[PDB]
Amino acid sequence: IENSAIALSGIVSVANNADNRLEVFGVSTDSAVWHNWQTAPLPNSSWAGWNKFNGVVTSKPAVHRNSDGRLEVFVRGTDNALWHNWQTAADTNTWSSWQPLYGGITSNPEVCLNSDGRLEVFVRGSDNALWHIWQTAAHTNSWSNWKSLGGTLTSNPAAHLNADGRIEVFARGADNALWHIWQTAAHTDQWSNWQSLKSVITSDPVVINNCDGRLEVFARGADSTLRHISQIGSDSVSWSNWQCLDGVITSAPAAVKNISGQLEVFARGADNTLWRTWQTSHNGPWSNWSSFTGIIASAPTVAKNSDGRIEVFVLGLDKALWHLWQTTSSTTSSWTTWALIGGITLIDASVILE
């Protein structure tokens, strides 16, 4: 791989409804967003079937749950502007249809929920800078004007809350290194300058919080192995050294915190199967990668069910959506084999950043 490569992304975005039922969003061969949902919040539940949102889109959809429980989806439109669509009530399959937020978008959208209940969207703009827009009141369809945070982005952005409620945003920069920028006060439009975390990355950054509040960032490195870095203090400026883990991965990673508070990472491996690694103890060393049977055609997307069981979604070689899950709510649970969520085929609508 080259230093400027961006690893294969996940094929769907997933969210938990207010009642924790999983719901997935993807783009089909008609270039429309389709979605499907569990009928009950357990991994062995039946799924409702694929339902279409009318409208042609030009990016991967991003989904987040509002602070009042309503799902809301963000996508780039045929006019290269930002559009969004929301449930009109929590746990209800009635949606608003696509509404305009304007702007000029050159990446997939990334959504965060501020700790005061307001959604905030981050995108690469037409000048390759980071731009953002936010709800001006919690869970309300009232949005700010577009505002620039500067920088030069060469990946999609990834945002996450710090334990103290400050949003922090990660993105690859013009030098192919990981850069970040952060709110200096919780849920306020007051931001730091851009700072580099060094090290080249060859995937979008993936961010998760560990139980003790500190952010941990995962990405594929220049040698195509997983690497990670973590906060070591109580602010956004104190980080560990980068560490890599042996094993060539061929997609973006996906990280999740399991029931016991330990981190797990899933990625497509060098043999194009799903690979999994987990922390063996608190902050502990990482296990050897374990492989699941079956060739996959996307990065994994990982979610948790209402009983804590982890569930993984991938594109199959038939271009359909497949999933598998843990049989029990336990870190050492066995796993099912891949099962089909049939009815449509999916395309990778990710914005080509070049």
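A residue's number is simply how far along the shown sequence it sits, counting from 1. Here the rigid core means the biggest group of C-alpha atoms that line up within 1.5 Å when the two forms are laid on top of each other.
K.L.:
Output the stretch, either 232-240 or 158-166, that has more C-alpha displacement from this form in 5 other deposited structures of this protein following superposition by the rigid core.
P.N.:
Between 232-240 and 158-166, the one lying farther away in 5 other deposited structures of this protein is 232-240.
K.L.:
Which stretch is less alike in 5 other deposited structures of this protein, 39-47 or 310-318, counting RMS CA distance after the rigid core is superposed?
P.N.:
Output: 39-47, the stretch lying farther off on average in 5 other deposited structures of this protein.
K.L.:
State which stretch shows the higher mean Cα B factor in the entry: 233-241 or 98-106.
P.N.:
The stretch with the larger mean CA B-factor is 233-241.
K.L.:
Averaging C-alpha B-factors over each stretch, which comes out higher, 144-152 or 280-288?
P.N.:
The entry gives the higher C-alpha B-factor average to 280-288.
K.L.:
Maximum C-alpha temperature factor per the entry, among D189, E120, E168, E72, belongs to which one?
P.N.:
The C-alpha B-factor peaks, among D189, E120, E168, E72, at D189.
K.L.:
Specify which of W275, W194, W83, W86 carries the largest Cα B factor in the deposited PDB entry.
P.N.:
Highest C-alpha B-factor among the listed options: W194.
K.L.:
With respect to C-alpha B-factor, does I341 fall in the lowest, middle or highest third of the chain as deposited?
P.N.:
Its C-alpha B-factor, which the entry lists for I341, ranks in the middle third among residues of this chain.
K.L.:
Give the position of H132 by CA B-factor within its chain, expressed as the lowest, middle or highest third.
P.N.:
Its C-alpha B-factor, which the entry lists for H132, ranks in the lowest third among residues of this chain.
K.L.:
By the recorded C-alpha temperature factor, relative to the other modelled residues in its chain, which third is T29 in?
P.N.:
Highest third.
K.L.:
Comparing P61 with the other modelled residues of its chain, is its CA B-factor in the lowest, middle or highest third?
P.N.:
It falls in the bottom third of the chain.
K.L.:
If you rank every modelled residue in this chain by C-alpha B factor, which third holds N36: lowest, middle or highest?
P.N.:
Bottom third by C-alpha B-factor.
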